[PDB]
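Listed next as structure tokens is one chain, alone, in the form deposited in one PDB entry.
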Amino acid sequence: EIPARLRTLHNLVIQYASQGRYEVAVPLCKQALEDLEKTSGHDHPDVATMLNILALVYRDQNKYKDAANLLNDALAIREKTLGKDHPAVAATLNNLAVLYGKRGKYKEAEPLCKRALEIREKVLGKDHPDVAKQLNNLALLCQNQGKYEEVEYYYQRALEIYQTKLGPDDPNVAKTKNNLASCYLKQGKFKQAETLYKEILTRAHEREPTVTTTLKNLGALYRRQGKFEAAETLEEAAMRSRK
């Protein structure tokens, strides 16, 4: 959701940014923000959109503190002008959670992700696909913290929403299953992770989360378990499938 007066500005800036032309994109943002402030004040939903666009240009440049500052600046204009439960506040909370998250600041990124998830269940419902994507986001933040009980739950809940609203053959259903089989492996629930990898391997091969990748995961799972013969058969099958 981007207004009409900012549709073109957002496009061209995100094209200049994609091409590595920051020295052009950055002044465009700052000028459009200058013109917007002059014409509609600082606390306007359109100023927060340009601060959110500039925070993306700054993320590409690796100016992460400056992106965090502009995202915190936009989040404040949106809670003021739109409300603490608007789809636009979850969007900026997720950008901030992904920022902190990529920077190894999972403990700080987590409350923003939980808040962005709560707003999503208010506007979309507790069983919507976009809430399942947020539970895969939040399960990853908690995994990097070792909170596996919450991780296992967020992944299981995301997988129900995914196969009930999108069917058992969705590409997300395989990645959620892969992400869950990884936290099971991390804990040492080899039996549970093994069942998930065999489920991923079966659907991937009948269709064609790769088969060669899944054969590497199972060969790794079997080597860690102590099943030496069983691991060699899958590492030699993973090699024969790379070709």
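Just so we're on the same page, rigid core means the largest C-alpha set that superposes within 1.5 Å between forms. Don't overthink the numbering: it's just position in the shown sequence, from 1.
The discussion below concerns the form deposited in another entry, not included here.
With the core lined up, does the C-alpha of residue 23 move 2 Å or more between this form and the one not shown? Shift at residue 23: below 2 Å after core fit.
For a quick test of reading the superposition: does residue 217 move by 2 Å or more at the CA between this form and the one not shown, rigid core aligned? It does, since the residue 217 C-alpha is displaced 2 Å or more between this form and the one not shown after the core fit.
Core-aligned C-alpha movement of residue 202 between this form and the one not shown reaching 2 Å: Passes the 2 Å threshold, so yes.
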